[PDB]
Participant: 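My questions all concern the structure below.
In what follows, chains carry the letters A, B, and so on, assigned in the order in which the sequence lines appear, proteins first and then strands, with residues in each chain numbered from 1. For the numbers below, each heavy atom of this structure counts, side chains included, while hydrogens, waters and symmetry mates do not.
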Amino acid sequence: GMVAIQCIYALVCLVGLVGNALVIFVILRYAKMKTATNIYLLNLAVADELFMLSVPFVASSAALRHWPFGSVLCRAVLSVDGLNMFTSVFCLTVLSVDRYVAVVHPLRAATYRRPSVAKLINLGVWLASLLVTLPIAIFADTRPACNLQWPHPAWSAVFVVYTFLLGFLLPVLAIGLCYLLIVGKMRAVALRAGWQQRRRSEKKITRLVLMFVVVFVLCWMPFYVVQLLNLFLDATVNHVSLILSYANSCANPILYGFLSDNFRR
Amino acid sequence: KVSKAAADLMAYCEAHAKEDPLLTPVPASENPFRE
Amino acid sequence: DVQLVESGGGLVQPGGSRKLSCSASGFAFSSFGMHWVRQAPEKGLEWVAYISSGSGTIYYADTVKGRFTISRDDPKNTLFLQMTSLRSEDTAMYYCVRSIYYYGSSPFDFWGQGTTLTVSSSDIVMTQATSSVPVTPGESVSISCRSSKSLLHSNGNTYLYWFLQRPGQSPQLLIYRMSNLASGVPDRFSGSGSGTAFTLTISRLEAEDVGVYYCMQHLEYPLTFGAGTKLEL
Amino acid sequence: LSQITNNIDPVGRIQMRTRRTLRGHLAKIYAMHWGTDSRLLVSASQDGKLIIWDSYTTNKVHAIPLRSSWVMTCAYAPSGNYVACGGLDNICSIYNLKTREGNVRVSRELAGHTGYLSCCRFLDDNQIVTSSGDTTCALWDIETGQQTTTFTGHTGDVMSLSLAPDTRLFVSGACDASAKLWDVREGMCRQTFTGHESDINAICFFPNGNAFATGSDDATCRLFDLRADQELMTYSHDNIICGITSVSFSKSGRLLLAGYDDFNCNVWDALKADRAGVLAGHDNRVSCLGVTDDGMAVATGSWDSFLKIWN
Amino acid sequence: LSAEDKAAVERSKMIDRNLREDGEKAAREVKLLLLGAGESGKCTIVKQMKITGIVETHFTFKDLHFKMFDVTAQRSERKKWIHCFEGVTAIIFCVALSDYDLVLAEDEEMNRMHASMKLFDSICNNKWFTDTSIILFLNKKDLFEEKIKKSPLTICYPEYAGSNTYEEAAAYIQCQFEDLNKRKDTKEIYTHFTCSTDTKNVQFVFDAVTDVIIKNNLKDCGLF
Ligand SMILES: Cc1ccc(S(=O)(=O)N[C@@H](CCN)C(=O)N[C@@H](Cc2ccccc2)C(=N)O)c2ccccc12
């Protein structure tokens, strides 16, 4: 049944479009790039909209069972699609490191949270993402679908696991170690200041830092495990797997900015 | 008499309104504040 | 008490270096742009090098570009001028001048004593059309100067500086912005002009006004001084 | 006076465009002052820095490191040589801008007051009127540093000051809803100004010299005279439920610049008390406001470390 | 033209950089302010520092700089200068436990405990210190326990009836000062026992200001 699959496709695009349009509004009109964190939030905000530049093509081509646009543009739309998902991954990684160094080492982060360095490291992960994205250009071909073409299965196996570690495994382990050390020392400060009982503010943080990690897994890991099923499948497991993966960057606007009181104020 | 003392401001505001860039429109080239 | 003393007393042989020093006292050496002005015996002044606060903007003259090197020390309040590949035309006094740049400032206020170094043997041209005016005190004296380019800018001010050099002493500023006298100068020097022609009138001349006059522009680098109007009694 | 002035009316909507925004501060701005040259303006912030801004190029002429970060007032002398800064420390450290050195050196400190210094204004290079929080004002010197004349007639804490065009008599309001026209020659008030109900916060003279505006924390301004002393007009409106932190006039004395603390300024008609313009854009409550003597632009300062220039 | 304006901009950009570290040096250090009425017992908090207008004190402890401000004698009303301190790390309070029996020598009708409690609510419930934490100290705990074995303690609170013991009353009045605050969802209130004996309570305020700057760092990250 492609009715419910096509219905949630427009739902992910519509709910995320009004979400990113609100994030862009509340940042450049109230925050106006105050420090590194609001600049990092602006990075994924436009990267999500850059990710919405590809969702109208994937949803319509899925109903056409393959890619009828061409070959010169498909290699470009898959490059930017892989670029934004690498950008969104690299953005949340250094931001979690930035959130880690800001609460643990306030005196050390005073020299790294500058608006100057924030803009250099913003495009610094952009050029680093193309460095991990350009392999999609070295083997870009269209053999009607429009997927990647490798000469040997061993090359296709070592490639999908290369982006699985540096694109999924290592970054989700970084945000998990950064967030755990944030709430780890925050609880240590609670025991030292006399607040042995877990206050409501720390419970709000531990649920928020856990929600960021748990959603990042259940939205990207289903996308990574089905590609290994493509390595060695069903015709209904790839359609909704991309839907929940596309819903990740669509729900991120209402997850990072709406829940926090810093943006809605 | 305070009624005509209030009207004394007319002799100072209506006579100095020509050299007031805030009340009268002024070109942007004459003003040092330009983009 | 502002003081700019230089060191390195001794002639240099062509084919080496001297690397003279210049210390500062009585003022914040870190917040002043240091200038280097040369003057051969009975010759016009000429700008050499200028460094700003923090070694940010370091400009050199086309005569010294690629040959001389300037280095300042804010913690030491000492200016080191490394001079290599010297020749006979480098024989001058090497005046050191401080300057701060803002609206209403007085650039080129204090001049150093300078080191008279000798050697073993486009740009805006500032012309004065007069080199010597022998005039005894008793009447007013007016000295004019011309420029290759009109010094009238868009903001409104005209960047022009007058310098008087007494025999055996260092020059000092007379009027900045062509209409504003520096600190410590009585209201006798009145500067006038429009674009290219300028005028410096002295109502009453004393023994303090007898010297060589220089009309320097601060528009483009290298800076150029006037021809030099010497006064006689 | 609405029965008089039948020839005038609110001139449409005064739309002052934001030309310059002074950036560089990192704390809450609390005071500022202009000059006749209308190019250099002083500004005081809670970061302990006194900056001499360039109005036309948005550049910083001087950066004076203040000893006390809790500065509440600052003045700019007409000679452009000295600037004062008073605060909670009650040390009106008058600095010297035009000096032989590079750094700004303090000329004279004034530590004779007991209450918090609220406002200071330079009469000339020899006399300066500085108010304080002990319900009194005093006239200070520079070369020696004393109180030539101490005005003790207010029951409330003084907040702001204002100088006349001739600098021979000045009005000053206090927190007890009372303002008094003090004299500099003999040194005592002639007639008080009691027409408000809340704490008077801002005081500014009229360009003619026979009137002055008063701004209290009851969401309204008033215009008093110096000859008959009776209220002529009230800048009251039900749309304003906030306080007042600044008030000023233009060069023609027609458009009253009222710096209300509701994140936006208001350009009121100085003759009919009608809303002519609303200067919006500040991200925090405004505390200081000043119109240039030339009348070209108007500088408004808020607690968002931003100094906006309106023209 | 860039003739001399370039050097003027370079000079402005030079002090633009210099003012940036000064703002960062002031941001990494802790800025504290203490209040209190007459006989507030502030001699304890100002003595642990290593060292008209208000008094200011500097002291560095545990590799962290603290900028504590002493109000002292200010006859002016706080309404006109309490908004200047909007942005301090954690405002300090010093209430005297020996103020329950002695009354204020102003009108012979107001108790010192009620006057200090009225000042605690006036400082806490305002439009400026909603986010800043309050660190109140119970000064002179030995003088308080010496009088509680002779006084019923009902002088301050007439509706109270309990044990006349230090550990009981120190905890009872602690919850009492934690009920006059209405911003229980934004700010935090700390309580500690300070005296000449068992001194060096700076470890409490050090862990307290560390909790605030982290709460401020969490606001910097956008997590609250
Ligand atoms: C683990 C892994 C597998 C495959 C690719 S991948 O190089 O194959 N590209 C992705 C792009 C998804 N955002 C893809 O699964 N794309 C679909 C859906 C689609 C996308 C755009 C247009 C049309 C259709 C596809 N059938 O091509 C990856 C690319 C980058 C990182 C990891 C990848």
Participant: With D:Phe206, which residues qualify under ring-ring contact (aromatic ring centres under 6.0 Å, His included), at least two apart?
Facilitator: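 If we apply the ring-ring contact (aromatic ring centres under 6.0 Å, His included) test to D:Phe206, skipping adjacent residues, the hits are D:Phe249.
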Participant: Can D:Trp140 and D:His113 be said to form a side chain to side chain contact (heavy atoms under 4.5 Å, CB included), step by step?
Facilitator: CA-CA 11 Å; D:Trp140 302 80; D:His113 281 303; 3.2 Å; yes
Participant: Would you call the rings of D:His25 and D:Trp53 parallel, tilted or perpendicular, where under 30° means parallel and over 60° means perpendicular?
Facilitator: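 Answer is tilted, since the angle falls between 30° and 60°.
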Participant: Under 4.0 Å between a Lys/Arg side-chain N and an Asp/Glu carboxylate O for D:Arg168 and D:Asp166?
Facilitator: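 Yes.
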Participant: Got a second to check how far D:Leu181's CG is from D:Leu226's CG, nearest 0.5 Å?
Facilitator: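 The CG atom of D:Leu226 is 5.5 Å from CG of D:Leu181, to the nearest 0.5 Å.
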Participant: Could you tell me if D:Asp294 and D:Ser38 have a donor-acceptor pair between their side chains, going purely by distance under 3.5 Å?
Facilitator: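 There is no such pair between these side chains.
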Participant: Working to the nearest 0.5 Å, report the span between CG of D:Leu50 and SG of D:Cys85.
Facilitator: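 One gets 5.5 Å once the value is rounded to the nearest 0.5 Å.
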Participant: Would you kindly say whether D:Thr114 and D:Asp134 are connected by a side-chain donor-acceptor distance under 3.5 Å?
Facilitator: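 Note: D:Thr114 and D:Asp134 side chains meet the donor-acceptor criterion.
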Participant: Does any N or O in the side chain of D:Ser302 come within less than 3.5 Å of the main-chain N or O of D:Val286, such that one atom is a donor and the other an acceptor?
Facilitator: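 Not at all, since once roles are kept as given, no pair shorter than 3.5 Å links the two residues.
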Participant: Show me the donor-acceptor pairs, under 3.5 Å and distance only, between side chains in residues 128-135 of chain E and residues at least two apart or in other chains.
Facilitator:
residue, atom, partner, partner atom, Å
E:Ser133, OG, E:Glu188, O, 2.5

Participant: Hey, is the main chain of E:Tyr100 close enough, under 3.5 Å, to the side chain of E:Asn111 for a donor-acceptor pair?
Facilitator: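 Yes: the side chain of E:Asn111 pairs with the backbone of E:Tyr100.
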Participant: Compute whether any side-chain donor of one residue and acceptor of the other, for E:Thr57 and E:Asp70, lie under 3.5 angstrom apart.
Facilitator: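 Short answer, yes.
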Participant: If you measure only the distance, is there a donor-acceptor pair under 3.5 Å linking the side chains of D:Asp125 and D:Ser79?
Facilitator: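 Their side chains do contain a donor-acceptor pair, which is all the 3.5 Å distance test asks for.
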Participant: Does D:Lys272 have any salt bridge (charged side-chain N to carboxylate O under 4.0 Å, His left out) partners at least two apart in sequence or in another chain, and if so, which?
Facilitator: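 Partners of D:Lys272 under the salt bridge (charged side-chain N to carboxylate O under 4.0 Å, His left out) test: none.
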Participant: Can a donor-acceptor pair be found, under 3.5 Å and without considering hydrogens, that links the side chain of D:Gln46 to the backbone of D:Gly48?
Facilitator: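 A pair under 3.5 Å: no.
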Participant: Using the side-chain contact (heavy atoms from CB on, under 4.5 Å) criterion, which residues pair with D:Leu163? Sequence neighbours excluded.
Facilitator: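 Counting only residues at least two positions away or on another chain, D:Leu163 forms a side-chain contact (heavy atoms from CB on, under 4.5 Å) with D:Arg121, D:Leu123, D:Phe170.
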Participant: How long is the span from the CZ atom in E:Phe120 to the CG atom in E:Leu35, to the nearest 0.5 Å?
Facilitator: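 So the CZ of E:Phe120 and the CG of E:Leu35 are separated by 10.5 Å.
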Participant: Would you say the ring centroid of E:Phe93 lies under 6.0 angstrom from that of E:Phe137?
Facilitator: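 Ring centres of E:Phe137 and E:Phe93 not closer than 6.0 Å.
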Participant: By side-chain contact (heavy atoms from CB on, under 4.5 Å), which residues pair with D:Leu88, not counting sequence neighbours?
Facilitator: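 D:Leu88: side-chain contact (heavy atoms from CB on, under 4.5 Å) contacts with D:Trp70, D:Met72, D:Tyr116, E:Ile54, E:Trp81, E:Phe85.
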Participant: Considering residues at least two apart in sequence or located in another chain, which fulfil the side-chain contact (heavy atoms from CB on, under 4.5 Å) criterion with D:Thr194?
Facilitator: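 In terms of side-chain contact (heavy atoms from CB on, under 4.5 Å), with neighbours along the sequence ignored, D:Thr194 is linked to D:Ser178, D:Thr192.
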Participant: Do D:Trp310 and D:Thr300 meet the criterion of a side-chain donor-acceptor pair at a distance under 3.5 Å?
Facilitator: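 A pair is found: one side chain offers a donor N or O, the other an acceptor, under 3.5 Å apart.
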Participant: In this structure, which one of D:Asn266, D:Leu271, D:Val247 forms a side chain to side chain contact (heavy atoms under 4.5 Å, CB included) with D:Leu256?
Facilitator: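 Going through D:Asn266, D:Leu271, D:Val247 one by one, the side chain to side chain contact (heavy atoms under 4.5 Å, CB included) with D:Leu256 is satisfied by D:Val247 alone.
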Participant: Show the atom names and distances, to 0.1 Å, of all donor-acceptor pairs under 3.5 Å that link a side chain in residues 234-243 of chain D to residues at least two apart or in another chain.
Facilitator:
residue, atom, partner, partner atom, Å
D:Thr234, OG1, D:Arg222, NH1, 3.3
D:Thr234, OG1, D:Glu231, OE2, 2.3
D:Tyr235, OH, D:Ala270, O, 3.4
D:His237, ND1, D:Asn239, N, 3.1

Participant: Looking only at side chains, do D:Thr144 and D:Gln146 share a donor and an acceptor under 3.5 Å apart?
Facilitator: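 Distance-only check fails for D:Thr144 and D:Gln146.
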Participant: Would you please indicate if the ring centroids of E:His83 and D:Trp303 are separated by under 6.0 Å?
Facilitator: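 Between E:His83 and D:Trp303, the centre distance is under 6.0 Å.
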Participant: Under the side-chain contact (heavy atoms from CB on, under 4.5 Å) rule, collect the residues that match up with D:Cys92, sequence neighbours excluded.
Facilitator: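 Once residues adjacent in sequence are excluded, the partners of D:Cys92 under the side-chain contact (heavy atoms from CB on, under 4.5 Å) criterion are D:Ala84, D:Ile94, D:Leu110, D:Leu117, D:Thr130.
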Participant: Is E:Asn125 reaching over with its side chain to a backbone N or O of E:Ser122, donor-acceptor style, under 3.5 angstrom?
Facilitator: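 Checking the backbone N and O of E:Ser122 against the side chain of E:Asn125, no donor-acceptor pair under 3.5 Å is found.
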Participant: Quiz question: by atom type and distance under 3.5 Å, do the side chains of D:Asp176 and D:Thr155 form a donor-acceptor pair?
Facilitator: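 Indeed, the side chains of D:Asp176 and D:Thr155 share at least one donor-acceptor pair under 3.5 Å.
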Participant: Give a yes or no answer on whether the side chain of D:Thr149 reaches the backbone of D:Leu139 with a donor-acceptor pair at less than 3.5 Å.
Facilitator: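 No; zero donor-acceptor contacts below 3.5 Å.
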Participant: Sequence neighbours left out, what passes ring-ring contact (aromatic ring centres under 6.0 Å, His included) with D:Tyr82? Give chain and number order.
Facilitator: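 Not a single residue meets the ring-ring contact (aromatic ring centres under 6.0 Å, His included) criterion with D:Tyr82.
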Participant: Go through the structure and list residues passing ring-ring contact (aromatic ring centres under 6.0 Å, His included) with B:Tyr12, not counting sequence neighbours.
Facilitator: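 Listed in chain order: B:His16.
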Participant: Go through the steps for D:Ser198 and D:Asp218 under the test side-chain hydrogen bond (donor to acceptor under 3.5 Å, both in side chains), then give the verdict.
Facilitator: CA-CA 5 Å; D:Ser198 168; D:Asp218 59 340; 5.2 Å; no
Participant: How long is the span from the CG atom in D:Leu279 to the OH atom in D:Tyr260, to the nearest 0.5 Å?
Facilitator: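 Reported value, rounded in 0.5 Å steps: 12.5 Å.
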Participant: Do any N or O atoms from the side chain of E:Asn139 and from the backbone of E:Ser40 form a donor-acceptor pair under 3.5 angstrom?
Facilitator: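 Yes, because the side chain of E:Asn139 sits within donor-acceptor range (under 3.5 Å) of the backbone of E:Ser40.
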Participant: Mind checking salt bridge (charged side-chain N to carboxylate O under 4.0 Å, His left out) for E:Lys184 and listing every partner two or more places apart, or none if nothing turns up?
Facilitator: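 So E:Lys184 forms no salt bridge (charged side-chain N to carboxylate O under 4.0 Å, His left out) with any residue.
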Participant: Mind checking salt bridge (charged side-chain N to carboxylate O under 4.0 Å, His left out) for E:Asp179 and listing every partner two or more places apart, or none if nothing turns up?
Facilitator: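 If we apply the salt bridge (charged side-chain N to carboxylate O under 4.0 Å, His left out) test to E:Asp179, skipping adjacent residues, there are no hits.
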